[PDB]
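Engineer: Before we start, here is the structure in question, set down as structure tokens.
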Amino acid sequence: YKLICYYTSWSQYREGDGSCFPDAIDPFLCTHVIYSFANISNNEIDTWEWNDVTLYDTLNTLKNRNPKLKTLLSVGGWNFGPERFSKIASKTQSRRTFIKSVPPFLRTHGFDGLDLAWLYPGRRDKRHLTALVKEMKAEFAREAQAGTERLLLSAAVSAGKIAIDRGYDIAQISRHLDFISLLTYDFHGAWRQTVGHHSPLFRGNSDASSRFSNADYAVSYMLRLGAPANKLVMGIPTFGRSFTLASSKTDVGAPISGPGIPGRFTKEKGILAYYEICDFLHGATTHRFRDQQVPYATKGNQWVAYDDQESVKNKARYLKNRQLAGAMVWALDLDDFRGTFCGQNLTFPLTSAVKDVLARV
């Protein structure tokens with residue numbers, strides 16, 4: 001079993017305890033740590049944060065205590081316009097330059113692979129996403145001729161039936177990728193104004209519409225589409241999605257005025273770190289949808305959909321019963337990395353839960 005953990009570059013500038021550096025990562029927790037978001041300039045892979053080469057180096061020292069630890073660098077991400085990604089992939093010349101630029105960079109900073117986070121290829125991209133993956137992978141094969149270990153190549157994909165059908169050739173790209181990380185936590189879209197869990201596990205018997213909105217469907221659709229189970233990794237959120245209620249209606253369906261107020265450390269609207277949710281829970285009412293088997297909480301006019309140790313193991317068990325290659329935890333830095341906010345003196349409680357379940361056969 002693989003446990004693929006993302007570390008976000010910008011969580012270093014979080015005030016107080018919110019601040020997190022590669023430093024705080026238990027090197028025996030995950031099997032793969034992905035440094036999140038490199039950039040691209042002059043069609044070449046490149047850094048993003050000033051001190052990136054330091055943090056790179058820091059993260060890669062962990063491989064000193066755990067010699068089996070593998071690290072990868074992700075390209076793209078959320079503040080990386082996909083158009084920009086598009087433009088580099090469609091011109092075979094700008095595409096070949098970017099590819100050639102990748103191995104030496106990874107080799108210099110000590111990475112073991114590349115993660116591609118093109119955040120959503122459009123209808124016009126499918127052809128090129130396939131080209132990029134096919135060739136990039138071909139370059140990694142030729143470079144291992146130098147006598148060194150072959151670099152890994154992974155991809156972060158959307159779990160929305162439409163986004164998939166629209167921009168991905170799943171049968172084609174599964175043969176070239178070492179593993180595919182499914183983003184099974186973007187289900188209640190940014191769009192609507194109605195309360196709902198962003199990462200429901202199941203179909204929720206109390207919902208006949210957009211049933212293509214849960215991890216369960218997303219997975220069977222990907223297996224159906226032709227991706228093999230031993231390359232599939234299911235994404236597990238270590239955060240919550242918040243909303244400011246527009247009325248005292250709390251239950252399923254309730255209306256919404258907009259996103260919830262910022263987390264005190266997180267400082268971003270509509271999102272909350274698990275450690276922020278732990279402090280939020282005090283004096284909050286907790287409910288759990290049994291249909292989707294996921295929790296949520298209200299307090300004042302704040303409704304929060306999130307995942308706890310239980311919902312998280314649950315997903316991990318499922319993942320095993322279907323025999324996927326592993327789990328992916330978005331935000332090692334959004335978990336209780338200090339272990340000082342959520343009662344128990346455990347560090348990274350959420351990612352531990354997953355790992356605990358992934359280790360019992």
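Ligands are numbered from 1 in the order shown, chains are lettered A, B, ... in the order of the structure tokens, and residues start at 1 in each chain.
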Please list as a ChimeraX atom specification every residue within 10 Å of residue 332 (chain A), counting only C-alpha atoms and excluding residues in the same chain fewer than 2 positions away.
Structural biologist: /A:4-8,20,22,24-25,30,33-34,237-239,329-330,334-337,348,350-351
Engineer: Which value, in Å to one decimal, gives the distance between CA of residue 282 (chain A) and CA of residue 270 (chain A)?
Structural biologist: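 One can read the CA of residue 282 (chain A) to CA of residue 270 (chain A) distance as 19.2 Å.
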Engineer: Restricting the calculation to only C-alpha atoms: of A:275, A:318, A:109, A:305, which residue gets closest to residue 198 (chain A)?
Structural biologist: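 For residue 198 (chain A), the nearest of the given residues is A:305.
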Engineer: Taking only C-alpha atoms into account, name the residue in A:190, A:146, A:131, A:297 that is nearest to residue 173 (chain A).
Structural biologist: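 Between A:190, A:146, A:131, A:297, the residue approaching residue 173 (chain A) most closely is A:131.
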Engineer: I'd like the neighbourhood of residue 108 (chain A) as a list in words, where a residue qualifies if any of its atoms comes within 12 Å (using only C-alpha atoms), though same-chain residues fewer than 2 positions away should be ignored.
Structural biologist: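 Counting only the stated atoms, we get residues 46, 53, 56, 57, 60, 101, 102, 103, 104, 105, 106, 110, 111 and 112 of chain A.
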